[PDB]
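Next up: a single chain in structure tokens, the form deposited in one PDB entry.
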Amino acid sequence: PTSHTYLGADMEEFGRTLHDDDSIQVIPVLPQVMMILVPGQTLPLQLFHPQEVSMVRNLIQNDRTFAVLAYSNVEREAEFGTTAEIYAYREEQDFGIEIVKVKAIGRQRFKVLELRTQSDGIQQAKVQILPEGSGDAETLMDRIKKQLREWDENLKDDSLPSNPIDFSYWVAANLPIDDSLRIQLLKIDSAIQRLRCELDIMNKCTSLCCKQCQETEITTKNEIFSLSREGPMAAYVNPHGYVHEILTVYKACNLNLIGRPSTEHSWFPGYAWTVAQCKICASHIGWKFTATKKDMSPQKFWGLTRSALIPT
């Protein structure tokens, strides 16, 4: 599923040598993207606005890299951010609207020094690439994997990155945590400290409630499971450009379904989807996935949007 088969097939695949640490660079910012991107996390995008299509077409011919800011209030309030490098690109046009479909991957964190908008309209950010500290972390990484098996790796193989820095970011990308805490881990430059905060977090997180009411538990960490190699959480883009960060769990509560299942543009092929909403406030929480054949290993599952859930 992490391959994003839904966005396209005949997509061009590109990757590039990273900027050095403590370097000061000038990078164009996608203003629409409103996520705390984590290095290593893939970002699927369907761009329709002519301005964005103009920039990304420009980006494919230079460094294939743009900046995804980290807003704490958004009213642009970003002091940090992450770079994303286009690895898959496809030009498309339907309904008289020209579409650019990209798959990018987070590569490096940076501190924002200056944001200015040019005469062409594209917004540029001068960034300082933050350093990636590492060390010996075998103990921490073992402590993490264990607690991971006691959640979803019960049936999930330990196919996880060996590098402490890479491990720190996989855990960071697949942890049911609010943004304000995700940004904390990205603000740590030392892998070892990141891994530690992750451990102290994994031991203190239990339930996920709805954010608009804060009075209804939807699921528990014990339900988390991975149907991809992305771990329990991943980003998918819908046919109108909306990116959703999807946490997959086996069972959930306090949800009312909306109508009949659909099979269109499903992010998990072979499964159908039905919108799920909170029984108390009626805010969208996600979708329930139902197998379309009996041979399916998991038969029914839930894909929730991190945007609608808050820890405990």
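Superpose the two forms; the largest set of C-alphas matching within 1.5 Å is the rigid core. Counting begins at 1, following the sequence as shown.
- Compared with the other entries of this protein, residue 154 is frequently left unbuilt, missing from a third or more of those that build its neighbours.
- Gap check for residue 14 to residue 15: 1 to 3 deposited residues are absent from the model.
- In this entry, no coordinate-free residues of the deposited sequence separate residue 97 from residue 98.
- Per the PDB record, of the two stretches 81-89 and 142-150, 142-150 carries the greater mean B-factor over its C-alpha atoms.
- As the entry records it, the average C-alpha temperature factor is higher for 52-60, out of 254-262 and 52-60.
- Among 133, 106, 239, 231, the highest C-alpha B-factor in the deposited entry belongs to 231.
- The residue among 219, 159, 184, 190 whose C-alpha atom has the highest B-factor in the PDB entry is 159.
- In this PDB entry, the Cα temperature factor of residue 124 sits in the middle third of its chain's modelled residues.
- When all modelled residues of the chain are sorted by CA temperature factor, residue 74 is found within the highest third.
- In the PDB entry, residue 173 places in the lowest third of its chain by CA B-factor.
- Per the deposited record, the Cα B-factor of residue 283 falls in the lowest third when ranked against the other modelled residues of its chain.
- When the CA B factors of the chain's modelled residues are split into thirds, the value for residue 304 lands in the lowest one.
As for the form deposited in another entry, it is not shown, yet the points below apply to it.
- Residue showing a CA shift of 2 Å or more between this form and the one not shown (rigid core superposed; candidates 217, 142, 189, 120): 120.
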